[PDB]
> 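Quick one: the structure is below, and I'll ask about it shortly.
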Amino acid sequence: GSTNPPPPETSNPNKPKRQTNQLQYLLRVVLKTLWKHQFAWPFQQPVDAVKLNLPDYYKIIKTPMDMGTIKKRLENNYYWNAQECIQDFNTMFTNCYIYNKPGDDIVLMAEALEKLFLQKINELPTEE
Ligand SMILES: Cc1noc2c1-c1sc(C)c(C)c1C(c1ccc(Cl)cc1)=N[C@H]2CC(N)=O
């Protein structure tokens with residue numbers, strides 16, 4: 001039976017990182033807002049292809065991402081800038097759209113969070 005890959009890295013001493021104000025915002029506004037939402041749960045951790053019985057998941061999805069991972073990265077100050085974080089978010093939503101057919105419960109869930117994600121992003125502060 002097929003196994004899961006290791007999750008994405010959340011700490012990496014080689015990688016350059018910063019704490020910006022835009023990045024403070026990405027956890028305090030953007031992630032807080034999504035994490036609490038009723039449709040967040042499928043995205044709070046890596047997709048478990050073994051227990052969900054999705055042996056094709058990690059054949060089709062080559063760059064997995066999830067909010068648990070993004071959360072741990074924000075907390076460990078893993079990022080250099082806001083765009084890196086923002087990119088993880090768009091990878092998460094996109095992976096969901098790529099794997100699942102449109103109109104699926106899980107797509108609707110990704111769509112809702114995404115909206116919230118964009119409403120909180122649009123008022124990203126100026127780099128201070
Ligand atoms: C993220 C993500 N992307 O795809 C999937 C996920 C996850 S994570 C997780 C814990 C579950 C239950 C799923 C669901 C899913 C299916 C229906 C509803 Cl209401 C909510 C999630 N669907 C799988 C795909 C599949 N066909 O099972």
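Starting from 1, each residue takes its place in the sequence as its number. Each ligand, and each atom within it, is numbered from 1 in the order the structure gives.
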> Pick whichever of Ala110, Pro42, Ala49, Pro64 has a heavy atom sitting closest to atom 8 (S) of ligand 1.
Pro42

> Treating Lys71 as the side-chain partner and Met67 as the backbone partner, does any N or O pair qualify as donor plus acceptor under 3.5 Å?
no

> Just wondering, are more than 12 heavy atoms of other shown residues or ligands nearer than 6.0 Å to NZ in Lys62?
yes

> Would you say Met109 contacts ligand 1, with heavy atoms under 4.0 Å as the rule?
yes

> Do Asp105 and ligand 1 have an N or O pair less than 3.5 Å apart?
no

> Look at atom 3 (N) of ligand 1 and say which protein heavy atom is nearest, naming residue and atom and giving the distance to 0.1 Å.
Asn100 ND2, 3.5 Å

> So, applying side-chain contact (heavy atoms from CB on, under 4.5 Å) with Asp66, which one of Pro46, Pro7, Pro42, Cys96 is it?
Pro46

> Without hydrogens or angle criteria, can the side chains of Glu9 and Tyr78 be said to hold a donor-acceptor pair below 3.5 Å?
yes

> Has the side chain of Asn95 got a donor or acceptor atom that lies under 3.5 Å from a matching backbone atom of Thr63?
yes

> Using a 4.0 Å heavy-atom threshold (strictly under), name the region of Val47 that reaches ligand 1: side chain, backbone, both or neither.
side chain

> Would you call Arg18 and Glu127 a salt bridge, taking side-chain N to carboxylate O under 4.0 Å as the test?
yes

> Hey, which atoms in ligand 1 end up nearer than 4.0 Å to a heavy atom of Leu54?
24 (C), 25 (C), 26 (N), 27 (O)

> Under 3.5 Å, is there a donor-acceptor pair between the side chain of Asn4 and the main chain of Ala49?
yes

> Measure the distance from atom 16 (C) of ligand 1 to every protein heavy atom, then report the residue, atom name and distance (to 0.1 Å) of the closest one.
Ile106 CB, 4.3 Å

> Counting heavy atoms only, which part of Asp66 comes closer than 4.0 Å to ligand 1: side chain, backbone, both or neither?
neither

> Which protein heavy atom lies closest to atom 20 (C) of ligand 1, and at what distance to 0.1 Å?
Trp41 CH2, 3.5 Å

> Nearest non-hydrogen atom to atom 7 (C) of ligand 1 belongs to which of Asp48, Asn53, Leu52, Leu108?
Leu52

